[PDB]
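In what follows, a single structure is set out as structure tokens and then discussed.
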Amino acid sequence: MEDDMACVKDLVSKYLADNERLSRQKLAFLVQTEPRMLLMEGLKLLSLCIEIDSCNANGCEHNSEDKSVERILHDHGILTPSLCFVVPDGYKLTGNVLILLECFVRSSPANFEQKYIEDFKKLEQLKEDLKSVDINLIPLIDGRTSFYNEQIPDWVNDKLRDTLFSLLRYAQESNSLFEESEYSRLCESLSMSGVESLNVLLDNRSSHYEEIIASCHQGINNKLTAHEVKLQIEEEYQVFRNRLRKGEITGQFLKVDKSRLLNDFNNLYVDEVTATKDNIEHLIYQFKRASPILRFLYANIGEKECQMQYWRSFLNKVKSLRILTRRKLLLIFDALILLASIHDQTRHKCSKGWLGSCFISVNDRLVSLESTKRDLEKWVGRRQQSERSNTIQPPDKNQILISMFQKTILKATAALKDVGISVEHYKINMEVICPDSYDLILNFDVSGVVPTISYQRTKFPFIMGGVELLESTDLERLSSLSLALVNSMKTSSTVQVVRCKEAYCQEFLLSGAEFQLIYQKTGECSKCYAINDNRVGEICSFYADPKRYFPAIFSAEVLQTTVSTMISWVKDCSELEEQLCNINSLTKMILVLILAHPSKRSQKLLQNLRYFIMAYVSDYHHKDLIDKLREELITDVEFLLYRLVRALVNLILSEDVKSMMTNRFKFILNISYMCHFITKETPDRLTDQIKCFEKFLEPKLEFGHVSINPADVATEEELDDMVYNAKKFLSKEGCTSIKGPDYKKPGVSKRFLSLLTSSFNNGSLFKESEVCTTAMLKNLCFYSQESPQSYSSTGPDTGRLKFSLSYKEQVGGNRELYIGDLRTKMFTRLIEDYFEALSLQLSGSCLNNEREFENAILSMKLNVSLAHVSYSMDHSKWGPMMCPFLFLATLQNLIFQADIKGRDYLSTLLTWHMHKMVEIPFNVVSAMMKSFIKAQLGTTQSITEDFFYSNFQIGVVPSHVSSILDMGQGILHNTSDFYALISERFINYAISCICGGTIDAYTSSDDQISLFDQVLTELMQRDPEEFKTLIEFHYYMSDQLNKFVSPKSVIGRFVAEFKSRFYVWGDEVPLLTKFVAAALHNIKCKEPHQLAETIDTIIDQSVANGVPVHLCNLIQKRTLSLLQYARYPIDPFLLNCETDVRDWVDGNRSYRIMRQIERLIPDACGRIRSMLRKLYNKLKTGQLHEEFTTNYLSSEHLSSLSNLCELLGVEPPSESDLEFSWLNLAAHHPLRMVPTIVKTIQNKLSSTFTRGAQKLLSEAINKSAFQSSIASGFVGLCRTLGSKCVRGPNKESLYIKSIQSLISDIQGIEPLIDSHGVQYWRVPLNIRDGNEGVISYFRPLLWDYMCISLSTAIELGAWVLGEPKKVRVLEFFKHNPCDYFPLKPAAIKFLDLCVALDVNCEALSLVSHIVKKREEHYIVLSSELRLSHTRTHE
RNA sequence: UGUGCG
Ligand SMILES: [Mg+2]
Ligand SMILES: [Mg+2]
Ligand SMILES: [Zn+2]
């Protein structure tokens, strides 16, 4: 026991670093004799070792004296006001920059999370408090998961730690100086799956848990036999039938009447719409004049780069270099742009860049000519009168202005020459600075309109109509206006008729005319915009939100083709041949409206059309459907949209039209899903937060259980109330009471819960497939205090489970979101894994199972094929109404060694979740406080407002709400899925007991599809009363089991819907608008190739789901146009815009890139393909495999290709074929957005906990408080690509324009641009070694083509290496748009060659795209298939 | 840290 003591002492005395800081601790450590003080000094030394290593690694001065920040700043001579007690482990100063380096070690993930969050909040508080001291402070937190350091090596450190732990055990068994809590904490922090984590926590469950368990067992019988359960179900059904016939229970479903449903839809808003059958021509007339934007879109706005634009661009560029004062520089620049404009006007009588008496200066500013000249005169006079007081020289104001201009231009040229850009690349002409320059500016006068912005709605310059809805002119104008609105967000901050001297502006050209979007506010916020023109000013004025106008920016052709395909869906319908233009017009109008006025109310109105059309083609629908489909509408364009939708519906769903119902259903469903075109982002964050809190709070108030601000330790009143409400939840009566069943009230009946559990227990539901001391411990850098040690019924000793409430924004509103701590997330994950496995043991759940979803799809298709009855069910308020106590009771009453212990732990965790505390958002509390103050100081008084006001009048302010009646939306999702599965199995069993038929159910959390067998369908057709009684009994049973069938659920034989997938007979139902909108809305600020890959994935799934390939090619062209607007060069490896069906079905992304390259250089790819075929045959037998991956893939490129060609007996590519190249801006380093596979492996390996945990946690906490928009993402992408994003070989940062200018300097290199804008360069082989400045940025095209073709051949087969013969004009075929065809995709030694190819080819992610899900089913068009190319092995 | 309408 002392041999290891002497060994450890010798080890530390020999291998300790000889740092002056460690000397005192080493002297203390070695001199120790007693085991206790030896343990203390070993812990001391470890703490100092990690602290000092952290201080030195990050370059900071260690805090040995542990002085406060006050003492540090005062000792360094800087005074600060009083602050909180914060003592960092490390601190350093440089200039005015102060860095604190608080450090810690946590071997556990939950403890690490808690410590990092606490440390970050402490430093944030200190920084906010010191911001008054005018001193910078950037925090750095160094948290490591291990004790390893650079002062002590690994193995001796491990031996020291083990010996210290053994010494601790010895002292605790002998002296017991440490408290058992502190002893356990230190042992845990010294020793360095989740269900067994509850074994080490003390069981402190008192009588509260026993009372809860008794409550969930009281009145429940889970031992009923199948006979007794069947008799009880039969008695319940007979009583229900008798009461339903007598009218005591109201029927929740009605037989579908098409005319009645249409009439209900027509009178949906009959309080202000004083019409029902609107004329289509009058609707067009109203629509073209409804809004200022809509007026501008359909009006008659109709009518060589000049020097003003060149000078504006140059001076815009040189202002970011801060040549320097800001106001002075701005004024000087204004004068130069004015000179350029005057030069243009006197040269060719130009008129661009002017808005009457104001001109377009830098930073998107309108500048008044009068103000410019007065300011220039004042500034020149002031400088002249200042300077001439010294000497007597001719001032010559013109000369003074010229000299200032030359000085500014010289400084700007010097600044630009550093980054690699010369002035001649901006094409600026110095002739604009005439010798007569001052007088020329001061003797300049203009006459024109005065710019104005009308903020209020108190006449139109042009004729309000004339542009036809059929054409694409309206979409083009909307595209230009949307781009201008989005660009208005990029302006940097500078300092009724509202005509102004200076404001901000954006330019756009329409029909050869210049228009200016004028605004007076900067930022990504809603503001007033005014469209103005030089001829007549103030064309229109509106109040748009700029970050809601992204999807239309370059989508004119895409949207037009979307509408055209939708219209072609219904074109052979005979009754709609006369009313075919109107339909088209209506469709267009709806789209245009939702793209010009993107409103949440419009989004929900368009969404509800889906449920209307689903009920229209059904047999039975909920009686409350119509009330749910109606929304409050405020704006007049919303009522116009409703009228247009009503007209379209009444034309499509006319009684005279009965020809092709599947096509009309698809058309109306796509019109409904057009709601995805409107962005899903919140219009107002505070209003949506208020709505989310009301949705969270009203059900609890109706139930009657709301605990207001509960403590971590529960007061006896709160526990008593929780027990009472647990008893109340199971005290739901139904069908055997005077007042009858009360629908939609949360809770379950004891009788029906007993029936469910008994049926599960006896196997009725299964199938054949189943059967000093404390202070120093605190001072330690690795001692853990965040670990829970005991647990009660209310939760762990560390406190009850906290959940922050927020909203996840989506189409049709928001869904509630609960965010917990890491420890709470793991505790919940235990329950989730248990219930996921328990559901996996059974079948019918499609939530997480993927093959089960395919089984459900096949069953739905088979049901629809035979025209059997399908019941598509949504469950309303699945989250808020359903309760963790329900899950606890069900689990306690179910019957399936360690199983009893696992059930006990699960019950404890569910009891924890019962007592969870949800934190009211602080914005909501502040809004309620402001409303309360303004109401009490200065009539609706909503339920939530009444709640807050009642709490405010009695003192305490609500912060946390605890209630039995809530499960987190997505928190207990696997548990909810399991409950839905078992409850619906029991309900189907009861229905099969009652009738003769069976129901096949495929539940998934809240969504569900029930397929009725033949017997039930016959019952519906011949005995409607009994079928309706069965449906009502199903509704009643679901209500008794706390499953409230939504009013949007439908029973019918036409369509089966499940998880947003629709299936009918014969035809397919693609959500074309949904996929097109998803493609148009996903543009981020990632690296451009990543954006291309994401868009390619989206287009791949859209093609697989039935979108025609030409629309997808148009979407790809839209993405390339977005990239071209950022002026990013379009290399041949971004997107392919001439694809076909075979490219997406047979091929993959690599194959599409091969097709693009082969399109670019047809003749240079045949010989490469021949050599590749020879190579593939050589390596198929096994030879040439080992002498190719190491002799050629590592050698220099463009030189080994001829070696391969001569080695395989084929003609090597000629002189010119090697000259083809593409410009790679990431040749040295990836672009700044703020071997590839090797770095990917590194990042994945250093991600989870052992390495990179601190990095990933820092990025997560930085990106948590940073939320942006799609339009904000696009403007950020434009800013980043226009900035210095290109990294040179030596860590330098350059512009893309710098690289382009350096390329343009060399005359040998020539560019070649594709028909779609793809640029590839021909570099003469006479130069690849002389001037290596930018030749290093080029990559030969043939080598990348070879690598990609070889990798594609390995992953897909030899057919990709064959000759691509184009399609042969067979004859003439029908072009039926709804003529689909299903298709299946064509699916160790070569893995090494693949990974060797990927490290060699820095062009595309080849081997890493396997795991990032390949589509296993394609639905394409027969006409599109028969025009695809042929690629066969020969 | 953008000046870019395919
Ligand atoms: Mg410290
Ligand atoms: Mg559904
Ligand atoms: Zn001009």
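Following the order of the structure tokens, first chain is A, next is B, and so on, with residues numbered from 1 inside each chain and ligands from 1 in the order they appear.
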
All residues within 10 Å of ligand 3 are required, counting only C-alpha atoms (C1' of nucleotides) and all ligand atoms; please report them as a count of residues only. 16

Using the chain letters and numbers from this document, which residues of region 990-1147 of chain A does DSSP assign to strand (DSSP E or B), as a PDB file with C-alpha atoms, in the first residue's frame?
```pdb
ATOM      1  CA  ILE A 999     -60.644  -2.455 -39.551  1.00  0.00           C
ATOM      2  CA  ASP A1000     -56.947  -2.282 -40.476  1.00  0.00           C
ATOM      3  CA  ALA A1001     -55.410   0.773 -38.815  1.00  0.00           C
ATOM      4  CA  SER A1004     -48.697   7.556 -36.414  1.00  0.00           C
ATOM      5  CA  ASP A1007     -52.218  11.038 -38.078  1.00  0.00           C
ATOM      6  CA  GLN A1008     -54.148   7.785 -38.814  1.00  0.00           C
ATOM      7  CA  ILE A1009     -55.680   5.787 -41.702  1.00  0.00           C
ATOM      8  CA  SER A1010     -58.313   3.107 -41.104  1.00  0.00           C
ATOM      9  CA  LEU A1011     -59.067   0.705 -43.944  1.00  0.00           C
ATOM     10  CA  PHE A1012     -62.493  -0.922 -43.812  1.00  0.00           C
ATOM     11  CA  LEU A1041     -59.893   7.037 -24.577  1.00  0.00           C
ATOM     12  CA  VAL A1045     -61.246  12.944 -33.763  1.00  0.00           C
ATOM     13  CA  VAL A1050     -63.277  12.041 -43.505  1.00  0.00           C
ATOM     14  CA  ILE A1051     -64.843   8.673 -44.368  1.00  0.00           C
ATOM     15  CA  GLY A1052     -64.978   7.774 -48.044  1.00  0.00           C
ATOM     16  CA  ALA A1056     -57.057   7.604 -48.702  1.00  0.00           C
ATOM     17  CA  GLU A1057     -54.818  10.133 -46.949  1.00  0.00           C
ATOM     18  CA  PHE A1058     -52.045   9.469 -44.448  1.00  0.00           C
ATOM     19  CA  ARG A1061     -49.822  11.353 -48.801  1.00  0.00           C
ATOM     20  CA  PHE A1062     -52.962  10.973 -50.924  1.00  0.00           C
ATOM     21  CA  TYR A1063     -53.915   7.874 -52.903  1.00  0.00           C
TER      22      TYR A1063
END
```

Using only C-alpha atoms (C1' of nucleotides), find each residue in chain A having at least one atom no more than 7 Å away from chain B; report its shortest atom-to-atom pair and that distance in Å (one decimal), rows by chain then rising number, as CSV.
```
residue,atom,partner,partner_atom,distance
A:313,CA,B:3,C1',5.7
A:316,CA,B:3,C1',6.6
A:320,CA,B:1,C1',6.6
A:480,CA,B:5,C1',6.8
A:490,CA,B:2,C1',6.9
A:1121,CA,B:6,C1',5.3
A:1125,CA,B:4,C1',5.3
A:1126,CA,B:4,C1',5.5
A:1127,CA,B:4,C1',6.0
A:1278,CA,B:2,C1',6.0
A:1279,CA,B:2,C1',4.2
A:1282,CA,B:2,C1',5.7
A:1283,CA,B:1,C1',5.5
```

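Once only C-alpha atoms (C1' of nucleotides) and all ligand atoms are used for the distance check, the residues close to ligand 1 at 7 Å turn out to be residues 51, 88, 89, 102, 103, 779 and 781 of chain A.
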
Restricting it to C-alpha atoms, dump the selection as a PDB file, in the first residue's frame.
```pdb
ATOM      1  CA  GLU A  51      -5.664  25.440 -15.020  1.00  0.00           C
ATOM      2  CA  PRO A  88     -11.615  33.958 -13.505  1.00  0.00           C
ATOM      3  CA  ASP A  89      -9.041  31.190 -13.661  1.00  0.00           C
ATOM      4  CA  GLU A 102     -12.510  30.427 -16.916  1.00  0.00           C
ATOM      5  CA  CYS A 103     -11.791  26.697 -17.181  1.00  0.00           C
ATOM      6  CA  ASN A 779     -12.191  25.541  -5.926  1.00  0.00           C
ATOM      7  CA  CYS A 781     -11.430  22.792 -11.650  1.00  0.00           C
TER       8      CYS A 781
END
```

Can you list, as an MDAnalysis selection string, all residues belonging to region 1118-1251 of chain A that DSSP tags as helix (DSSP H, G or I)? chainID A and resid 1118:1125 1141:1145 1149:1160 1163:1181 1200:1207 1217:1219 1236:1245

Compile the contact shell of region 595-606 of chain A as a PyMOL selection string: residues with an atom at most 9 Å away, counting only C-alpha atoms (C1' of nucleotides), same-chain residues fewer than 6 positions apart removed. chain A and resi 293-294+478+482+544+548-549+551-552+629-634+637-638+641-642+645+671-680+682-683+811-813

List the spatial neighbours of region 140-156 of chain A as an MDAnalysis selection string - criterion: any atom at most 6 Å away, only C-alpha atoms (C1' of nucleotides), same-chain residues fewer than 5 positions off excluded. chainID A and resid 17 101:107

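Of the listed residues A:1048, A:745, A:877, A:622, the one whose atoms come nearest to ligand 2 is A:1048, with distances taken using only C-alpha atoms and all ligand atoms.
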
Taking 4 positions as the minimum chain separation for residues in the same chain, which residues sit within 7 Å of region 1158-1175 of chain A when counting only C-alpha atoms (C1' of nucleotides)? Answer as a count of residues only. 11

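From CA of residue 969 (chain A) back to CA of residue 816 (chain A), the distance works out to 6.1 Å.
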